[PDB]
Amino acid sequence: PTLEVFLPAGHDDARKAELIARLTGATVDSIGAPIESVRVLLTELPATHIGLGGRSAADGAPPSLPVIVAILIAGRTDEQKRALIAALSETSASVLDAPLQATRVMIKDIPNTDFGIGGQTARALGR
Amino acid sequence: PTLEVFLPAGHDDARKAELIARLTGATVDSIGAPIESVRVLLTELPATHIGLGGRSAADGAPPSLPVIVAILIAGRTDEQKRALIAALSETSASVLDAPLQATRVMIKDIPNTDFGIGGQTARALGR
Amino acid sequence: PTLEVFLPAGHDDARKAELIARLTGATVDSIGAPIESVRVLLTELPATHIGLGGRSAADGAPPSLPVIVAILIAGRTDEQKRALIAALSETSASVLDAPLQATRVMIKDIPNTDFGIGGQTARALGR
């Protein structure tokens, strides 16, 4: 699985490492992915680059991050996704001290014909 | 809705804020999302990170219009999507003094099982 | 590296597998990433979702795909990035039978503090 996490700029290395550790744990627990297959990509945004309701965070918008994109090989059930969504949301909210209501998760379900690892498709690899 | 706007570096904070405000308004008009639900994420990239036709601006490609990825919960109609592409594109061209002809919008539908709002799935809510 | 390729829906599995293999080789050649580290996700788009000039592909827009978002651990040189943009663009255009001028590449650099592999940061792992 590959997570892209949009978060406010400013957090220190220890907090970011903790975010990575905890979101990875949340993923492993939720959808049973091998821990070494979980990739986390943190994308920091300045307040001037974050908008909610047409207002920038620099101009006082309420919190709107983290937004997490979770890229998964197709196959997880609806209720497994529901569990993933709950776990990533509560974990990222806790670590970053963000309101849970502000979190958003978007799963991108990728057909096994449409996903490549090492140049080989997930379908080729039996996934 | 969440818009990720891939933006070449160089615009000042006022133009970024104007873009956030006007893209948000275009989204509200075209697909009728509650304004408070519209998120804009500006992904500002150096010219060396942006390829057009196989080259960066630094290697001779013409300047880049924004590329907007519009992430929607599944369920918007074809007419709404048509209106969204037009509105976001006209707004981009107007705000950035740029050719309408080169504006880009890519819509990604997320199934309601795959979308998370405050830790709950869209489907589990009324969506 | 993590590549997301926006492409028209409807390509057959053989062509998608070829695209994944060839984009992977292009990435290894260009920036020297270990082949097993290269992940590719294809994001298929309906023609009504693909906007250029404020009109969708289904509504008569000129070719505008493939668009590739390449997320890299930071540290690649401008020359490496130039090579990557060229190779990804030429390869994806060739495989998908698309015009080179339609292609776009967007590179996101992730600091090694912001990149996770198996719950550990790239910096932790000596990357």
Side-chain angles (χ1 to χ4, degrees), chain A residues 1-4 13 16-17 20 36-44 71 110 114-122 124-125, chain B residues 6 43 45-61, chain C residues 1-7 16-42 66-96 100 103-127:
Chain A
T2 307
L3 312 180
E4 189 184 8
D13 299 345
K16 288 192 277 181
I20 284 164
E36 295 304 321
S37 72
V38 184
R39 179 175 285 175
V40 180
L41 312 172
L42 304 184
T43 294
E44 292 189 328
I71 304 158
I110 311 293
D114 295 15
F115 192 84
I117 309 164
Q120 294 165 343
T121 69
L125 298 171
Chain B
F6 289 83
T43 292
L45 299 181
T48 50
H49 288 209
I50 302 180
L52 301 88
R55 325 245 213 189
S56 57
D59 220 356
Chain C
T2 309
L3 310 185
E4 177 174 17
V5 185
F6 297 87
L7 76 169
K16 293 179 194 176
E18 179 191 3
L19 179 68
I20 282 160
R22 288 190 62 190
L23 286 177
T24 295
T27 300
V28 172
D29 291 345
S30 291
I31 66 172
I35 187 163
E36 66 276 3
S37 75
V38 181
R39 295 176 180 202
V40 181
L41 54 138
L42 309 183
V67 170
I68 302 177
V69 176
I71 299 179
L72 312 177
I73 298 177
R76 273 59 186 232
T77 70
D78 288 350
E79 168 58 34
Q80 287 180 284
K81 289 172 176 165
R82 182 180 91 159
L84 184 66
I85 287 168
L88 289 182
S89 303
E90 294 175 13
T91 297
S92 64
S94 181
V95 173
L96 293 180
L100 183 67
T103 67
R104 299 287 182 272
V105 175
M106 308 282 195
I107 299 167
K108 297 182 179 186
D109 274 355
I110 309 296
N112 66 350
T113 52
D114 293 13
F115 191 102
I117 306 146
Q120 294 292 333
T121 71
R123 181 195 265 167
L125 302 176
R127 327 192 168 283

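Letters A, B, ... mirror the listed sequences (proteins, then strands); counts begin at 1. Only heavy atoms go into these numbers, but all of them, side chains included; no hydrogens, no water, no symmetry mates.
Within a 6.0 Å radius of CZ in B:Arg55, no more than 12 heavy atoms belonging to other residues, nucleotides or ligands are found.
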Derivation and outcome, side chain to side chain contact (heavy atoms under 4.5 Å, CB included), residues A:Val40 and A:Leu3: CA-CA 5 Å; A:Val40 180; A:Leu3 312 180; 4.2 Å; yes

Candidate pair C:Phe115 and A:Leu41, rule side chain to side chain contact (heavy atoms under 4.5 Å, CB included), full reasoning: CA-CA 5 Å; C:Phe115 191 102; A:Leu41 312 172; 3.3 Å; yes

Worked verdict on C:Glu36 versus A:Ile117 for side chain to side chain contact (heavy atoms under 4.5 Å, CB included): CA-CA 6 Å; C:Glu36 66 276 3; A:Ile117 309 164; over 6 Å; no

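Judged purely by atom type and a 3.5 angstrom limit, C:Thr103 uses its side chain to pair as donor or acceptor with the backbone of C:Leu100. Side chain of C:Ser94 to main chain of C:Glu90: no donor-acceptor pair is present (N/O by atom type, distance under 3.5 Å, no hydrogens or angles). With hydrogens and angles disregarded, a donor-acceptor distance shorter than 3.5 Å links the side chain of A:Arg39 to the backbone of C:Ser37.
Annotation: side chain of A:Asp13 is in contact with side chain of C:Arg123 (closest heavy-atom distance under 4.5 Å). Taking 4.5 Å as the limit, some side-chain heavy atom of B:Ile50 sits within range of a side-chain heavy atom of C:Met106.
Residues B:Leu45 and B:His49 come closest through the heavy atom pair CB-CB, 4.1 Å. Heavy atoms only, all atoms of each residue included: A:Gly118 and C:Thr24 are closest at C-CG2, 4.0 Å. For the pair C:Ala33 and C:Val28, the tightest heavy-atom approach, listed with the atom from each and the gap, is O-CG2, 3.5 Å. Counting all heavy atoms, side chain and backbone alike, C:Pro66 lies closest to C:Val5 at CB-CG1, 4.1 Å. Between C:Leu88 and C:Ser92, the shortest heavy-atom contact is O-OG, 2.7 Å. Residues B:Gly51 and C:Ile85 approach most closely at CA-CG2, 3.6 Å, considering heavy atoms.
The OG1 atom of C:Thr113 lies 4.0 Å from the NZ atom of A:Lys16; values are rounded to the nearest 0.5 Å. Here the straight-line distance linking atom CD1 of A:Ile20 with atom CG of C:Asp114 works out to 6.5 Å at 0.5 Å rounding. In this structure, C:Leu23 CG and C:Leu96 CG are separated by 8.0 Å, a value rounded to the nearest 0.5 Å. The CD1 atom of C:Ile110 lies 5.5 Å from the CD1 atom of C:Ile71; values are rounded to the nearest 0.5 Å. If you take CD on C:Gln120 and CZ on C:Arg127, they are separated by 12.0 Å, rounding to the nearest 0.5 Å. Here the straight-line distance linking atom CG of B:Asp59 with atom CD of C:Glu79 works out to 8.5 Å at 0.5 Å rounding.
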